[PDB]
$ cat data_29.pdb   # PDB, C-alpha atoms
ATOM      1  CA  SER A 165      -3.758  -9.859  -5.675
ATOM      2  CA  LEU A 166      -3.281 -13.602  -5.192
ATOM      3  CA  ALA A 167      -6.491 -15.141  -6.518
ATOM      4  CA  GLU A 168      -5.640 -18.820  -7.119
ATOM      5  CA  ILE A 169      -2.432 -18.878  -5.038
ATOM      6  CA  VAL A 170      -2.978 -17.797  -1.414
ATOM      7  CA  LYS A 171      -5.702 -19.123   0.884
ATOM      8  CA  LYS A 172      -6.778 -19.027   4.527
ATOM      9  CA  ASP A 173      -4.351 -21.608   5.943
ATOM     10  CA  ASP A 174      -1.366 -19.511   4.830
ATOM     11  CA  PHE A 175      -2.193 -16.660   7.237
ATOM     12  CA  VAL A 176      -2.259 -16.914  11.016
ATOM     13  CA  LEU A 177      -5.646 -17.622  12.610
ATOM     14  CA  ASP A 178      -6.997 -16.131  15.853
ATOM     15  CA  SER A 179      -3.689 -14.310  16.090
ATOM     16  CA  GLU A 180      -2.959 -12.653  19.430
ATOM     17  CA  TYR A 181       0.555 -11.332  18.766
ATOM     18  CA  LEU A 182       1.570 -12.417  15.236
ATOM     19  CA  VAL A 183       1.003 -11.254  11.652
ATOM     20  CA  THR A 184       1.736 -13.300   8.520
ATOM     21  CA  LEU A 185       3.664 -11.310   5.897
ATOM     22  CA  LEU A 186       3.973 -12.926   2.446
ATOM     23  CA  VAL A 187       7.682 -12.189   2.068
ATOM     24  CA  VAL A 188       8.430 -13.482  -1.433
ATOM     25  CA  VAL A 189      11.964 -14.878  -1.692
ATOM     26  CA  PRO A 190      13.651 -15.968  -4.951
ATOM     27  CA  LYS A 191      15.837 -19.062  -5.152
ATOM     28  CA  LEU A 192      18.926 -16.860  -5.551
ATOM     29  CA  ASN A 193      18.951 -16.295  -1.766
ATOM     30  CA  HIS A 194      16.295 -18.684  -0.435
ATOM     31  CA  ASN A 195      18.754 -20.612   1.729
ATOM     32  CA  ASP A 196      19.762 -17.177   3.004
ATOM     33  CA  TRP A 197      16.201 -16.453   4.144
ATOM     34  CA  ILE A 198      15.582 -19.814   5.792
ATOM     35  CA  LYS A 199      18.937 -19.529   7.599
ATOM     36  CA  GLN A 200      18.885 -15.908   8.878
ATOM     37  CA  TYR A 201      15.188 -15.125   9.256
ATOM     38  CA  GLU A 202      16.150 -15.044  12.942
ATOM     39  CA  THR A 203      18.763 -12.382  12.191
ATOM     40  CA  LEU A 204      16.121 -10.430  10.265
ATOM     41  CA  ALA A 205      14.029 -10.195  13.437
ATOM     42  CA  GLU A 206      13.907 -11.204  17.093
ATOM     43  CA  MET A 207      10.967 -13.084  18.623
ATOM     44  CA  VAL A 208       9.966 -14.975  15.480
ATOM     45  CA  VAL A 209       7.958 -18.155  14.964
ATOM     46  CA  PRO A 210      10.382 -21.118  14.789
ATOM     47  CA  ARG A 211      10.159 -23.398  11.759
ATOM     48  CA  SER A 212       8.264 -20.612   9.966
ATOM     49  CA  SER A 213      10.247 -21.295   6.765
ATOM     50  CA  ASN A 214       7.163 -22.186   4.722
ATOM     51  CA  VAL A 215       6.810 -21.873   0.936
ATOM     52  CA  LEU A 216       3.344 -21.655  -0.612
ATOM     53  CA  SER A 217       3.545 -21.586  -4.427
ATOM     54  CA  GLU A 218       5.804 -20.931  -7.435
ATOM     55  CA  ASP A 219       6.016 -18.219 -10.096
ATOM     56  CA  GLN A 220       8.489 -17.359 -12.845
ATOM     57  CA  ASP A 221      10.222 -14.422 -11.088
ATOM     58  CA  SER A 222      10.494 -15.934  -7.591
ATOM     59  CA  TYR A 223       8.807 -18.245  -5.061
ATOM     60  CA  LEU A 224       6.037 -17.065  -2.750
ATOM     61  CA  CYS A 225       6.704 -17.760   0.927
ATOM     62  CA  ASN A 226       5.350 -16.449   4.224
ATOM     63  CA  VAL A 227       6.740 -15.649   7.676
ATOM     64  CA  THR A 228       4.811 -15.472  10.955
ATOM     65  CA  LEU A 229       6.159 -12.711  13.172
ATOM     66  CA  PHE A 230       5.462 -10.621  16.262
ATOM     67  CA  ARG A 231       4.756  -6.946  15.503
ATOM     68  CA  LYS A 232       8.276  -5.728  16.302
ATOM     69  CA  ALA A 233       9.493  -8.774  14.396
ATOM     70  CA  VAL A 234       7.467  -7.612  11.384
ATOM     71  CA  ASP A 235       9.050  -4.172  11.589
ATOM     72  CA  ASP A 236      12.569  -5.617  11.829
ATOM     73  CA  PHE A 237      11.979  -8.299   9.182
ATOM     74  CA  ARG A 238      10.597  -5.761   6.720
ATOM     75  CA  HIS A 239      13.467  -3.384   7.505
ATOM     76  CA  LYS A 240      16.192  -5.981   6.895
ATOM     77  CA  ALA A 241      14.385  -7.818   4.060
ATOM     78  CA  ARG A 242      13.629  -4.840   1.809
ATOM     79  CA  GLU A 243      17.401  -4.625   1.308
ATOM     80  CA  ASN A 244      17.510  -8.424   0.838
ATOM     81  CA  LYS A 245      15.480  -8.108  -2.407
ATOM     82  CA  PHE A 246      12.329  -9.615  -0.872
ATOM     83  CA  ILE A 247       8.911  -8.330  -1.914
ATOM     84  CA  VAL A 248       7.006  -7.004   1.107
ATOM     85  CA  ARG A 249       3.223  -7.347   1.216
ATOM     86  CA  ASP A 250       0.808  -7.287   4.170
ATOM     87  CA  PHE A 251      -2.021  -8.827   2.179
ATOM     88  CA  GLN A 252      -5.234  -9.792   3.973
ATOM     89  CA  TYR A 253      -7.079 -12.895   2.812
ATOM     90  CA  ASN A 254     -10.412 -11.902   1.278
ATOM     91  CA  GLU A 255     -12.390 -14.400  -0.786
ATOM     92  CA  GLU A 256     -14.653 -11.493  -1.743
ATOM     93  CA  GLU A 257     -11.785  -9.646  -3.464
ATOM     94  CA  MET A 258     -11.546 -12.623  -5.850
ATOM     95  CA  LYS A 259     -15.157 -13.742  -6.209
ATOM     96  CA  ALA A 260     -16.537 -10.230  -6.699
ATOM     97  CA  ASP A 261     -14.071  -9.258  -9.432
ATOM     98  CA  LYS A 262     -14.500 -12.523 -11.331
ATOM     99  CA  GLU A 263     -18.299 -12.313 -11.061
ATOM    100  CA  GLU A 264     -18.353  -8.772 -12.440
ATOM    101  CA  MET A 265     -15.958  -9.818 -15.210
ATOM    102  CA  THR A 266     -18.125 -12.698 -16.424
ATOM    103  CA  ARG A 267     -21.439 -10.879 -15.924
ATOM    104  CA  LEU A 268     -20.287  -7.681 -17.641
ATOM    105  CA  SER A 269     -18.833  -9.630 -20.569
ATOM    106  CA  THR A 270     -22.016 -11.663 -21.050
ATOM    107  CA  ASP A 271     -24.322  -8.655 -20.651
ATOM    108  CA  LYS A 272     -22.089  -6.617 -22.963
ATOM    109  CA  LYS A 273     -22.501  -9.264 -25.661
ATOM    110  CA  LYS A 274     -26.254  -9.543 -25.009
ATOM    111  CA  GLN A 275     -26.478  -5.757 -25.436
ATOM    112  CA  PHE A 276     -24.022  -5.671 -28.355
ATOM    113  CA  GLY A 277     -26.473  -7.752 -30.344
ATOM    114  CA  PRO A 278     -28.872  -4.818 -30.181
ATOM    115  CA  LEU A 279     -25.902  -2.532 -30.874
ATOM    116  CA  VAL A 280     -25.152  -4.071 -34.261
ATOM    117  CA  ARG A 281     -28.826  -4.372 -35.214
ATOM    118  CA  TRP A 282     -29.577  -0.752 -34.280
ATOM    119  CA  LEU A 283     -26.364   0.552 -35.841
ATOM    120  CA  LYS A 284     -26.667  -1.205 -39.202
ATOM    121  CA  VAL A 285     -30.368  -0.319 -39.444
ATOM    122  CA  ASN A 286     -29.974   3.361 -38.561
ATOM    123  CA  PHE A 287     -27.002   3.700 -40.906
ATOM    124  CA  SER A 288     -29.001   2.143 -43.752
ATOM    125  CA  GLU A 289     -31.798   4.685 -43.307
ATOM    126  CA  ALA A 290     -29.136   7.380 -42.877
ATOM    127  CA  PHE A 291     -27.687   6.471 -46.281
ATOM    128  CA  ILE A 292     -31.183   6.355 -47.775
ATOM    129  CA  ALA A 293     -31.885   9.909 -46.604
ATOM    130  CA  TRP A 294     -28.322  10.699 -47.725
ATOM    131  CA  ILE A 295     -28.955   9.838 -51.356
ATOM    132  CA  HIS A 296     -32.305  11.618 -51.031
ATOM    133  CA  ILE A 297     -30.741  14.917 -49.960
ATOM    134  CA  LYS A 298     -28.153  14.415 -52.707
ATOM    135  CA  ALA A 299     -30.955  14.096 -55.261
ATOM    136  CA  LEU A 300     -32.540  17.230 -53.789
ATOM    137  CA  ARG A 301     -29.256  19.053 -54.358
ATOM    138  CA  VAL A 302     -29.020  17.688 -57.920
ATOM    139  CA  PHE A 303     -32.509  19.043 -58.536
ATOM    140  CA  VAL A 304     -31.748  22.489 -57.092
ATOM    141  CA  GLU A 305     -28.493  22.979 -59.004
ATOM    142  CA  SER A 306     -29.881  21.551 -62.253
ATOM    143  CA  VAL A 307     -32.863  23.901 -61.949
ATOM    144  CA  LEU A 308     -30.905  27.081 -61.238
ATOM    145  CA  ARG A 309     -28.471  26.068 -63.988
ATOM    146  CA  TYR A 310     -31.307  26.029 -66.559
ATOM    147  CA  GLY A 311     -33.406  28.743 -64.899
ATOM    148  CA  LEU A 312     -36.978  28.186 -63.775
ATOM    149  CA  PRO A 313     -37.946  25.045 -65.765
ATOM    150  CA  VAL A 314     -37.178  21.763 -64.037
ATOM    151  CA  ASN A 315     -36.609  19.696 -67.201
ATOM    152  CA  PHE A 316     -33.453  17.612 -66.808
ATOM    153  CA  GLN A 317     -32.256  14.016 -67.032
ATOM    154  CA  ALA A 318     -29.878  12.551 -64.448
ATOM    155  CA  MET A 319     -27.722   9.438 -64.649
ATOM    156  CA  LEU A 320     -25.229   7.436 -62.610
ATOM    157  CA  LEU A 321     -21.816   6.698 -64.121
ATOM    158  CA  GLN A 322     -18.636   4.738 -63.313
ATOM    159  CA  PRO A 323     -15.576   5.714 -65.377
ATOM    160  CA  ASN A 324     -12.676   3.346 -65.889
ATOM    161  CA  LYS A 325      -9.558   4.152 -63.895
ATOM    162  CA  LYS A 326      -6.826   5.794 -66.023
ATOM    163  CA  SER A 327      -9.493   6.489 -68.675
ATOM    164  CA  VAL A 328     -10.855   9.399 -66.628
ATOM    165  CA  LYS A 329      -9.264  12.270 -68.570
ATOM    166  CA  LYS A 330     -10.410  10.935 -71.940
ATOM    167  CA  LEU A 331     -13.951  10.866 -70.582
ATOM    168  CA  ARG A 332     -13.506  14.414 -69.257
ATOM    169  CA  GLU A 333     -12.457  15.778 -72.636
ATOM    170  CA  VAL A 334     -15.069  13.905 -74.692
ATOM    171  CA  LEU A 335     -17.816  15.037 -72.307
ATOM    172  CA  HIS A 336     -16.445  18.579 -72.517
ATOM    173  CA  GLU A 337     -16.730  18.270 -76.298
ATOM    174  CA  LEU A 338     -20.300  17.007 -75.879
ATOM    175  CA  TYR A 339     -21.545  19.617 -73.401
ATOM    176  CA  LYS A 340     -19.619  22.724 -74.520
ATOM    177  CA  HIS A 341     -22.138  23.213 -77.339
ATOM    178  CA  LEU A 342     -25.015  23.677 -74.875
ATOM    179  CA  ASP A 343     -23.760  27.163 -73.948
ATOM    180  CA  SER A 344     -21.342  27.504 -76.927
ATOM    181  CA  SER A 345     -19.210  30.127 -75.097
ATOM    182  CA  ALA A 346     -17.726  28.689 -71.878
ATOM    183  CA  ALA A 347     -20.053  25.830 -70.865
ATOM    184  CA  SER A 362     -11.863  27.040 -67.578
ATOM    185  CA  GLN A 363     -14.715  24.656 -66.774
ATOM    186  CA  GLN A 364     -13.117  23.180 -63.549
ATOM    187  CA  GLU A 365     -15.621  22.709 -60.659
ATOM    188  CA  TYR A 366     -18.778  24.070 -62.346
ATOM    189  CA  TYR A 367     -18.674  21.644 -65.247
ATOM    190  CA  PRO A 368     -20.786  22.321 -68.361
ATOM    191  CA  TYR A 369     -22.954  19.555 -66.855
ATOM    192  CA  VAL A 370     -24.483  19.635 -63.375
ATOM    193  CA  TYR A 371     -22.155  17.295 -61.467
ATOM    194  CA  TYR A 372     -21.798  15.748 -58.014
ATOM    195  CA  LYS A 373     -19.272  13.237 -56.682
ATOM    196  CA  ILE A 374     -19.593  10.191 -54.426
ATOM    197  CA  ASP A 375     -17.205   7.403 -53.443
ATOM    198  CA  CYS A 376     -17.388   4.409 -51.115
TER     199      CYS A 376
ATOM    200  CA  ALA B   2      15.294 -23.959  11.361
ATOM    201  CA  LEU B   3      15.197 -22.544  14.886
ATOM    202  CA  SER B   4      13.407 -25.704  16.007
ATOM    203  CA  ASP B   5      12.379 -26.945  19.451
ATOM    204  CA  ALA B   6      14.847 -24.852  21.468
ATOM    205  CA  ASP B   7      13.464 -21.556  20.192
ATOM    206  CA  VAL B   8       9.936 -23.002  20.319
ATOM    207  CA  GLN B   9      10.390 -23.567  24.046
ATOM    208  CA  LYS B  10      11.947 -20.111  24.449
ATOM    209  CA  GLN B  11       8.994 -18.368  22.790
ATOM    210  CA  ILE B  12       6.468 -20.540  24.638
ATOM    211  CA  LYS B  13       7.968 -20.140  28.102
ATOM    212  CA  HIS B  14       8.562 -16.392  27.800
ATOM    213  CA  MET B  15       5.207 -15.507  26.246
ATOM    214  CA  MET B  16       3.026 -17.773  28.370
ATOM    215  CA  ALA B  17       4.983 -16.729  31.466
ATOM    216  CA  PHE B  18       4.332 -13.022  31.115
ATOM    217  CA  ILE B  19       0.761 -13.705  29.945
ATOM    218  CA  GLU B  20       0.074 -15.631  33.145
ATOM    219  CA  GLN B  21       1.836 -12.995  35.240
ATOM    220  CA  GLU B  22       0.027  -9.932  33.858
ATOM    221  CA  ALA B  23      -3.155 -12.033  33.945
ATOM    222  CA  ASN B  24      -2.701 -12.584  37.674
ATOM    223  CA  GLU B  25      -2.007  -8.919  38.417
ATOM    224  CA  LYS B  26      -5.056  -7.862  36.383
ATOM    225  CA  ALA B  27      -7.257 -10.311  38.301
ATOM    226  CA  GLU B  28      -5.832  -9.128  41.623
ATOM    227  CA  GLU B  29      -6.452  -5.512  40.600
ATOM    228  CA  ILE B  30     -10.062  -6.439  39.830
ATOM    229  CA  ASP B  31     -10.199  -7.958  43.323
ATOM    230  CA  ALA B  32      -8.795  -4.738  44.800
ATOM    231  CA  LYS B  33     -11.514  -2.780  43.014
ATOM    232  CA  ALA B  34     -13.936  -5.364  44.423
ATOM    233  CA  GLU B  35     -12.753  -4.304  47.879
ATOM    234  CA  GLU B  36     -13.134  -0.659  46.854
ATOM    235  CA  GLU B  37     -16.714  -1.048  45.616
ATOM    236  CA  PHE B  38     -17.541  -3.174  48.672
ATOM    237  CA  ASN B  39     -16.439  -0.403  51.033
ATOM    238  CA  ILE B  40     -17.931   2.368  48.886
ATOM    239  CA  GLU B  41     -21.319   0.641  48.685
ATOM    240  CA  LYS B  42     -21.354  -0.106  52.423
ATOM    241  CA  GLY B  43     -20.487   3.538  53.155
ATOM    242  CA  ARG B  44     -22.594   5.241  50.462
ATOM    243  CA  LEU B  45     -25.787   3.406  49.479
ATOM    244  CA  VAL B  46     -26.790   2.208  52.920
ATOM    245  CA  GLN B  47     -25.558   5.638  54.067
ATOM    246  CA  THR B  48     -28.167   7.417  51.954
ATOM    247  CA  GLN B  49     -30.509   4.899  53.553
ATOM    248  CA  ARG B  50     -29.118   6.081  56.925
ATOM    249  CA  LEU B  51     -29.957   9.684  56.095
ATOM    250  CA  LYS B  52     -33.502   8.793  55.026
ATOM    251  CA  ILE B  53     -34.257   6.687  58.111
ATOM    252  CA  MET B  54     -32.611   9.205  60.447
ATOM    253  CA  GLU B  55     -34.799  11.975  59.034
ATOM    254  CA  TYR B  56     -37.806   9.657  59.437
ATOM    255  CA  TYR B  57     -37.028   8.999  63.106
TER     256      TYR B  57
ATOM    257  CA  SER C   3       5.936 -23.017  16.728
ATOM    258  CA  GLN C   4       3.805 -24.024  13.753
ATOM    259  CA  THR C   5       1.316 -25.990  15.874
ATOM    260  CA  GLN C   6       2.751 -26.224  19.396
ATOM    261  CA  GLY C   7       2.551 -22.461  19.872
ATOM    262  CA  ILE C   8      -1.102 -22.531  18.817
ATOM    263  CA  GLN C   9      -1.888 -25.190  21.428
ATOM    264  CA  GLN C  10      -0.045 -23.318  24.179
ATOM    265  CA  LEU C  11      -1.853 -20.121  23.181
ATOM    266  CA  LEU C  12      -5.152 -22.002  23.435
ATOM    267  CA  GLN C  13      -4.352 -23.298  26.929
ATOM    268  CA  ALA C  14      -3.039 -19.971  28.245
ATOM    269  CA  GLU C  15      -5.974 -18.017  26.811
ATOM    270  CA  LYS C  16      -8.398 -20.518  28.338
ATOM    271  CA  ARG C  17      -6.668 -19.864  31.665
ATOM    272  CA  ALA C  18      -6.993 -16.105  31.097
ATOM    273  CA  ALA C  19     -10.703 -16.509  30.370
ATOM    274  CA  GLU C  20     -10.985 -18.590  33.544
ATOM    275  CA  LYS C  21      -9.323 -15.980  35.760
ATOM    276  CA  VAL C  22     -11.406 -13.202  34.184
ATOM    277  CA  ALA C  23     -14.535 -15.207  34.998
ATOM    278  CA  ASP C  24     -13.201 -15.789  38.519
ATOM    279  CA  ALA C  25     -12.669 -12.053  39.012
ATOM    280  CA  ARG C  26     -16.139 -11.253  37.647
ATOM    281  CA  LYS C  27     -17.768 -13.802  39.956
ATOM    282  CA  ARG C  28     -15.711 -12.294  42.782
ATOM    283  CA  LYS C  29     -17.146  -8.858  41.964
ATOM    284  CA  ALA C  30     -20.708 -10.208  41.937
ATOM    285  CA  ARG C  31     -20.202 -12.159  45.174
ATOM    286  CA  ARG C  32     -18.696  -9.153  46.941
ATOM    287  CA  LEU C  33     -21.521  -6.906  45.726
ATOM    288  CA  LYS C  34     -24.097  -9.297  47.182
ATOM    289  CA  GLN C  35     -22.150  -9.720  50.432
ATOM    290  CA  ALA C  36     -21.692  -5.954  50.803
ATOM    291  CA  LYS C  37     -25.419  -5.383  50.334
ATOM    292  CA  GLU C  38     -26.330  -8.129  52.813
ATOM    293  CA  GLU C  39     -23.874  -7.155  55.559
ATOM    294  CA  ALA C  40     -24.631  -3.440  55.254
ATOM    295  CA  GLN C  41     -28.344  -4.192  55.497
ATOM    296  CA  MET C  42     -27.898  -6.342  58.615
ATOM    297  CA  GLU C  43     -25.861  -3.541  60.181
ATOM    298  CA  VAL C  44     -28.713  -1.173  59.327
ATOM    299  CA  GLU C  45     -31.387  -3.243  61.090
ATOM    300  CA  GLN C  46     -29.309  -3.972  64.200
ATOM    301  CA  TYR C  47     -28.739  -0.256  64.616
ATOM    302  CA  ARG C  48     -32.490   0.182  64.022
ATOM    303  CA  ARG C  49     -33.022  -2.077  67.018
ATOM    304  CA  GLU C  50     -30.723   0.032  69.188
ATOM    305  CA  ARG C  51     -32.331   3.285  67.993
ATOM    306  CA  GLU C  52     -35.783   1.887  68.774
ATOM    307  CA  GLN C  53     -34.542   0.962  72.249
ATOM    308  CA  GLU C  54     -33.330   4.545  72.706
ATOM    309  CA  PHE C  55     -36.726   5.867  71.605
ATOM    310  CA  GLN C  56     -38.416   3.480  74.046
ATOM    311  CA  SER C  57     -36.277   4.918  76.848
ATOM    312  CA  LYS C  58     -37.075   8.461  75.705
ATOM    313  CA  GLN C  59     -40.794   7.627  75.622
TER     314      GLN C  59
END

$ encode --input "data_29.pdb" --output "structure tokens"
Amino acid sequence: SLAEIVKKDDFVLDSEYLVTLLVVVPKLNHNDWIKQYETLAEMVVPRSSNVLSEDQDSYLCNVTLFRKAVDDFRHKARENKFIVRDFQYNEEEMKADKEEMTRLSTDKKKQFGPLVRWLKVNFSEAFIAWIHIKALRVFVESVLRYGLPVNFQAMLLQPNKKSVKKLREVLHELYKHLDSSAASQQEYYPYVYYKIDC
Amino acid sequence: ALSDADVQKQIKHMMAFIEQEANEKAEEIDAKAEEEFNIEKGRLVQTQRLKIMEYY
Amino acid sequence: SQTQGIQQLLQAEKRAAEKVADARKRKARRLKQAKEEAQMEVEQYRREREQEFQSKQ
């Protein structure tokens, strides 16, 4: 819809028999339109060859026409590669949409402040409770691994990349004497293990 | 550019039949003025006639 | 007829408003005249009826 292009003066005012159709005509056949707009329709407004504004595909222009003239002009201009549009001027159609655009954008930012605060906060406590439930797991599995008594010592670690397998085999050497038989160690390592990555 | 010739054609034709149909509509309103004149003079005062005749 | 047609429309529609007002005033005038003349006919025939009743009395 023509926001900053069409206005009130373009359309006919207090019209008794006419209707202004914004028949866009490109420059490829603009002389054609201004010369045979009478052929396109009988009982037409003389000197109605008026051009309003410019755009990259064509040039907006309007024609004032009796009702039967609008029928005939549309009928013989659709084939003439002219865009047909019976637009009605409505300042509200422009002002409303732009007002909602600006107000919704500003309110969305004013509410997105709270979004980021709430989100980062709640995720921080989520990760706190996350590591807490992970420690609870560590406790449960370390306990059942060693039976009833809860005596164990936990530790974070950060192996060097490409040195992983050497650490695996040396720790296997370290911890395989705890059980001295089998602790195919795979998932259930001879140590109570859990994995985390960011 | 149809210009002043077609301007005068549109003006004369449109204003001509506007004025014509205007005149016949006004004269039809005048004919209905005659109709309501006669109907009132033969109906409303006639109900008055019936009332006063019953009175007498 | 960019501007001339608008002016001629204004004049012709003013004339149409004028004749509509003329017809409406004609209706009102004829209503009043009908009422008045019918009334006067009523009372003159009341006079003749009263004369007849005087004769009958």

$ resolve_selection --input "data_29.pdb" --expression "the PyMOL selection byres ((chain A) within 7 of (chain C))" --output "ChimeraX atom specification"
/A:209-212

$ residues_around --input "data_29.pdb" --residues "residue 218 (chain A)" --least-positions-apart "5" --cutoff "10 Å" --atoms "only C-alpha atoms" --output "mmCIF file with C-alpha atoms, in the frame of the given file"
data_model
loop_
_atom_site.group_PDB
_atom_site.id
_atom_site.type_symbol
_atom_site.label_atom_id
_atom_site.label_comp_id
_atom_site.auth_asym_id
_atom_site.auth_seq_id
_atom_site.Cartn_x
_atom_site.Cartn_y
_atom_site.Cartn_z
ATOM 1 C CA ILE A 169 -2.432 -18.878 -5.038
ATOM 2 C CA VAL A 188 8.430 -13.482 -1.433
ATOM 3 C CA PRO A 190 13.651 -15.968 -4.951
ATOM 4 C CA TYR A 223 8.807 -18.245 -5.061
ATOM 5 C CA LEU A 224 6.037 -17.065 -2.750
ATOM 6 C CA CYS A 225 6.704 -17.760 0.927
#

$ interface_residues --input "data_29.pdb" --of "chain C" --to "chain B" --cutoff "9 Å" --atoms "only C-alpha atoms" --output "PyMOL selection string"
chain C and resi 3+6-7+10-11+14-15+17-18+21-22+24-26+28-30+32-33+35-37+39-41+44+48+51

$ resolve_selection --input "data_29.pdb" --expression "the PyMOL selection byres ((chain A and resi 231-241) around 7)" --output "NGL selection string"
:A and (181-183 or 204-208 or 229-230 or 242-246 or 248)

$ resolve_selection --input "data_29.pdb" --expression "the PyMOL selection byres ((chain A and resi 333-344) around 12)" --output "PyMOL selection string"
chain A and resi 309-310+323+327-332+345-347+362-364+366-371

$ decode --input "data_29.pdb" --residues "region 22-39 of chain C" --atoms "N, CA and C atoms" --output "compact mmCIF listing (two decimals), in the first residue's frame"
# COMPACT_ATOMS: atom_id res chain seq x y z
N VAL C 22 -34.85 20.55 -5.63
CA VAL C 22 -35.37 19.66 -4.58
C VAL C 22 -36.00 20.48 -3.47
N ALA C 23 -35.35 21.57 -3.07
CA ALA C 23 -35.93 22.45 -2.05
C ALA C 23 -37.23 23.08 -2.55
N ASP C 24 -37.27 23.46 -3.83
CA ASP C 24 -38.49 24.01 -4.40
C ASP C 24 -39.63 23.00 -4.34
N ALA C 25 -39.35 21.75 -4.70
CA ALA C 25 -40.38 20.72 -4.65
C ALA C 25 -40.84 20.46 -3.22
N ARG C 26 -39.91 20.44 -2.27
CA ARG C 26 -40.28 20.23 -0.87
C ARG C 26 -41.15 21.36 -0.35
N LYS C 27 -40.77 22.61 -0.64
CA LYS C 27 -41.60 23.74 -0.26
C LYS C 27 -42.95 23.68 -0.94
N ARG C 28 -42.99 23.19 -2.18
CA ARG C 28 -44.26 23.01 -2.87
C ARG C 28 -45.14 22.00 -2.14
N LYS C 29 -44.55 20.90 -1.68
CA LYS C 29 -45.30 19.91 -0.91
C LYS C 29 -45.86 20.53 0.37
N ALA C 30 -45.03 21.27 1.10
CA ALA C 30 -45.50 21.88 2.35
C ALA C 30 -46.61 22.90 2.08
N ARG C 31 -46.42 23.74 1.07
CA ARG C 31 -47.42 24.75 0.73
C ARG C 31 -48.73 24.10 0.33
N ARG C 32 -48.67 23.03 -0.48
CA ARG C 32 -49.90 22.38 -0.90
C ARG C 32 -50.57 21.66 0.25
N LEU C 33 -49.80 21.10 1.19
CA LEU C 33 -50.40 20.51 2.38
C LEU C 33 -51.18 21.55 3.16
N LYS C 34 -50.56 22.71 3.41
CA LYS C 34 -51.24 23.76 4.15
C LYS C 34 -52.48 24.25 3.41
N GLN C 35 -52.36 24.46 2.10
CA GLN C 35 -53.50 24.95 1.32
C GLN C 35 -54.63 23.93 1.28
N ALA C 36 -54.29 22.64 1.15
CA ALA C 36 -55.31 21.60 1.18
C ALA C 36 -56.06 21.62 2.50
N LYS C 37 -55.32 21.67 3.61
CA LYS C 37 -55.95 21.71 4.92
C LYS C 37 -56.88 22.91 5.03
N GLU C 38 -56.40 24.09 4.63
CA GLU C 38 -57.18 25.31 4.78
C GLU C 38 -58.45 25.27 3.93
N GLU C 39 -58.31 24.94 2.64
CA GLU C 39 -59.47 24.94 1.75
C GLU C 39 -60.48 23.88 2.15
